[PDB]
Structures are given as C-alpha cells and as structure tokens.
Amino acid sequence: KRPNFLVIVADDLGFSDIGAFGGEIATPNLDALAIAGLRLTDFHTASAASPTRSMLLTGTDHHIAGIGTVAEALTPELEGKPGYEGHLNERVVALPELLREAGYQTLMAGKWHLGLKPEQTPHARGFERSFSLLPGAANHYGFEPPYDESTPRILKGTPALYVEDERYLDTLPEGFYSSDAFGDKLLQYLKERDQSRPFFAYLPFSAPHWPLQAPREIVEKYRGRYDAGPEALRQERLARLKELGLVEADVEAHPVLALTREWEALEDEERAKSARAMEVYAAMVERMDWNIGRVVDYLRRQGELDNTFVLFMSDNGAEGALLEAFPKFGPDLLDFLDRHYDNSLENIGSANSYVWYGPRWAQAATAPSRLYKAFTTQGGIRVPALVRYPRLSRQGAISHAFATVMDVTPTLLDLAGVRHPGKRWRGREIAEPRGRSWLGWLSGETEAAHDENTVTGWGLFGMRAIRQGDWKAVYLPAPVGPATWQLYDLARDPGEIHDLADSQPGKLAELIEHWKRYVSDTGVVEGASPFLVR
C-alpha cells in the first residue's frame, strides 16, 4: 500500500523549544513522534517563511520558484525579475499537484504565504480541500485593527485573510484561534476522506509566529517559568542539548548579539512583560502540539499512523526581530500599537495584545548557532526536524546528516511511486528539483542523502551563504556584519565563530565559484539596500 503523508510546519519555532530537542515547553505529542522517529540536527530551510514554503512544495530553490525575496518587501530593481513574482510561479509544479494526479487526496489547513490571488491559492495549486490563512501572518484570534492609510505597513500586510477552497471567508467562527481552527479543519477533512485512498495532509501552523497569543489557561501553566530570563534559558537549553546528544559536549556557542538591554539591566515591569511574552510563546507551542496530537491520535485510532510518513519541521530560525526597528513596517508601529492594543502585563497573549519576544529570547532557542531568522548563518537556516515512519529502517536515532527542505518533494514522490515529470508539465517548461530523495538514506542503504561535495546556496535580504560538504561561507552586509565573506568549518565550529577566510583562502575561493554558479542557476538578484534598520 502507498503511504499517506503528514507534513507539519511550525512557524518561527526555534531549534531547542520542543521537549525532544532540549526544551522545557510541554510537547508530548511531538516528543513521541521525535523519539520514535529520526531527529535531524543538520536539516536546513531558507531564512524566512515564504522562501522556505516555496522550496518545501517544489524541491527547488526559492529564487526559481517565485519567492526570490519576500513579497512584502519587493523593491523596483527586483520587480519583474524571473522568480521574483512574490507568489509560487508557473515555472514550477507543486508536490500536491503531482500527488493529486496520482490518486492522492490533497488536504491543507494552515498558513499559505505563497499568494493572495484566486489563481495562487491552495485550491489553485493542487489541494482538493484547504482552509488557509493566505498572508504571512495575522491576529490568531481574528481581531483586526482599523485599516487605513496611516495603519503600519506590517499590519496592513497581515489581515486575517482566510479562504476555504475557492471561497474567501467573510467571517470567522466564534472562538476562532488559529492553531485550533487548523486542527479542527484538518481533522474534518481527514474524517471526511475516502478511506480507500491515501492522503497528503499539509499542516502549516501560524504559531508560534507573532503576535504572541494563546489561550489564557495554557499561558497560566508557564507562570513564573521564565523569570530568570533569556540568558538563563539559553544555558538550560545548551545543557540539555548536550545531555541529549543533539550537540557535542564541547561545542562553543556563538555569543548573543542584541541591541536591546540585557535582562539584569531591565526594570522590574519591563522584565515582567518580557517574561510574560515568553510564557505566551510557550503556550503557543504547547497548544500547537495539542492540535498535532488531535490529528495524530485520530490517524492512530484509524490504524493509519504507521502507514503515514510524518514530517515535522520549523520553517526558519527562531524570530529575533524587533519589528519596531524597521521603518518599512511603520510608520510609527509602536505608537499605533499603544493606541489600539493593550500590552500591559495582564493582557499580553490575548486577542487585543500585539507582542514579539525579540532577539534575546530568540537566541536562547537557536543556540549554539549564530543569530536567528532572516540571517543566512546557521541560526537562521538550521531548524528542528523529525521523520516518523516505521517502514524506514533509520528510526529511533539522532542524525547529524546534512539535509534540506528541497529534499522533501523528491522523497515524497519516491515513496508515492510517482516520477517527477521532468522539464515540462501541463505544457509549460518547469524546473526540476535541486534536492535529493532521502529514501536511500532513511532505508539504511546510505549514511546520508548528500556528501562532502554537495553544494547548496542561500541568498535573501542581501545576505548570502554557500556550503559544500561541511564547509560554509557566509556574507552578512552592514550594519549586521563585516560585508565580507567569512568561512567556517561547520564540523569543528557549528557556532560560526572562527573565520577561516585568511587561513584557508583556497577553500574560500572555491566556495565563491560555487556561489556564482548558484546565483547563475537560480536567478539571484541583489538590490541596492539589503534592508534598513533604524
């Protein structure tokens, strides 16, 4: 029998947040899947949400698939460039499109982030049933601010714009909470399915993405848990990562970089509200996990779970952004929030709060990696991932084999017994996957799907990375780095601390040749101004 697929994507979830990845957050459902299955410590996405999602559903690079940069920040020199359409384009065929023509029922409940228009919806791109938030974010409870000319651009670009199949929804149900709605709808779709054929179920949550909001009864369970702050947390996470074997005992963690005040410099009220945000984040993750459990438990009781290839991943590094630091997200984001939301301590986490936890809490979760979401350093692109599928021999272990989100489409096609159509589909020229099927690796035939010569590129917001085997070069422009290529031996220096550019100049040179080919193969275009902070 052909397996089902359950692909679950967390939004900005950090590497050590889940219990089985070193965390204190209650994630019993995910833990059971992770420990029975295979946990990946060297699995990679892109550095941000829509690029990663375009890659996950195609098996190629986001510069080819239509999200060369995030739609919400297209500049004039980028608009019109191929692969910079801002939605999943027609130079690619999506995974669900291919599975649906081979008898799979394609079911989705969650965030899309691959296009806002009718012809760009899940329904248009191969899902027979879908309940979706089309934008990159929204209020989890559906509470909208006033929308007019003076509304901060980041809020304007994150309305609660939901579709069910072809229908743009006019209202949301009472009690709507994103993660619960997604669990509800996917459970409905599964209970309504044709039980005699397999399903591809896509469960992209919007949690734990800002605004940080969760049911009070779950937030209450974390009361006081984070009082010692984000650096105390980082140490707990490092200790546990080492104890669990997820990182080597000796690893040197990258130093925490933030323009904010450190915990001990904060006044009591400020601390209280920052801890409250992390208590809410934790509740988001636990409630996500709970909804995952509802899905998995239904499949299990149906006797289908063991014939379901279950993949869980985050879509990028933990979110260390200060939304208030980007003029593009304004004008006056904090002033608008102060006049429309209540972020007083007691309200944080409810529908009419709007918070993000910032760079220090984010780096607790990405440690020992460098930085966080929207950087090309490991903090931005190395994400937690697990595969639970008991037909595959390689289960019960922690694997440090290199893998990327582009591997997923070819793996699932393989298992479905479906061939990628090649260079043409529905009469148009399409890209072929850049990833490689994990089947050989996971079946124990090989030690990894890739090898010491595998070459993989990243480029977004003017940052770059280029990796071959365990050698990685990184380029971070001003003001966030030296605007020169830095070179790291990831096997000896996972924290990207010791720049080897001067000691191994031959190796850097090769990587720069690889980078140029990447730019060439994928259509990378960098603009003047990577971004502006202020």
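In this text, residue numbers run from 1 along the sequence as written.
Problem - Per the entry, higher mean C-alpha B factor between 92-100 and 270-278 - result: Higher mean C-alpha B-factor: 92-100.
Problem - 520-528 set against 12-20, stretch whose average Cα temperature factor tops the other in the entry - result: Per the PDB entry, the higher value belongs to 520-528.
Handout entry: Candidate set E220, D297, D289, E429 [ranked by C-alpha B-factor, highest]
Key = In this record, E429 carries the highest C-alpha B-factor of the candidates.
Exercise for the section: Please pick out which of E319, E164, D332, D184 has the largest Cα B-factor as recorded in the entry. Expected result: Comparing C-alpha B-factors across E319, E164, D332, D184, the maximum falls on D332.
Handout entry: CA B-factor placement of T171, once the chain's modelled residues are sorted into thirds
Key = Ranked within chain, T171 CA B lands in the highest tercile.
Handout entry: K328 by Cα B-factor - lowest, middle or highest third of the modelled chain
Key = It falls in the top third of the chain.
Practice task
Divide the modelled residues of the chain into thirds by Cα B-factor and specify which third, lowest, middle or highest, holds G481.
Solution key: It falls in the top third of the chain.
Handout entry: Entry-reported Cα temperature factor of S503, expressed as the chain third it lands in
Key = Highest third of the chain for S503's C-alpha B-factor.
Practice task
Taking the values exactly as deposited, rank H44 by C-alpha B-factor within its chain and report the matching third: lowest, middle or highest.
Solution key: Its C-alpha B-factor belongs to the lowest third of this chain's values.
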